[PDB]
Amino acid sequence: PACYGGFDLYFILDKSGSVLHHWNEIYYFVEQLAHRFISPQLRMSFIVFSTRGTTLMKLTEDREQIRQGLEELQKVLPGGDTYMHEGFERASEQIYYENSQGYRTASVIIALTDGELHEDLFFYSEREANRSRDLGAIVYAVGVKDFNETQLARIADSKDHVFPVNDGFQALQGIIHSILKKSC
């Protein structure tokens, strides 16, 4: 698959208890990237996870829906366990559905998290992120706090795909460059 005509962005956002003082950083990354142009065929989805993984806004190219979705993200109060594997399950379900319809788009997952996962929860996040990659998704991890980059490199496609959220304006540019390289 050398290039694609359109790109679907999947934000998978950690709203567990360990990221409480950092939700604003997570929101602001998402809000800055959600506003960029990226592609003439840009759709995005907002997925949040803590005790479960929930699709807060289904894939859409409509700016008003995105705007409302950003408003629900401003309301988030972090708390609970860190079930990141369900977050990926939510994106993989939307991905498989879209390719099942006559839709050939690239899938880009952006997972924002502190990486603070017990071994079992990490074990199944890695498996579900590998499940997304078989679905053709490219996975980036945007690390929050003093994130463990060795763990995130296993969730993301590589160490190349792990960026700190604190300098993520540079990371946005880096993520968007990879989209452009793969843009027919």
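The first residue of the sequence shown is number 1, and the count goes up from there.
Once the C-alpha B-factors are averaged per stretch, 13-21 and 162-170 rank with 162-170 first.
The mean Cα B-factor in the deposited entry runs higher for 146-154 than for the other of 146-154 and 114-122. Taking only the listed residues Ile109, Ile95, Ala106, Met84, the entry reports the highest CA temperature factor at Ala106. Sorting the modelled residues of the chain by their CA temperature factor places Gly53 in the lowest third. When the modelled residues of the chain are ordered by their C-alpha B factor, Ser132 lands in the lowest third. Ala91 sits in the lowest third of its chain by CA B factor, as recorded in the PDB entry.
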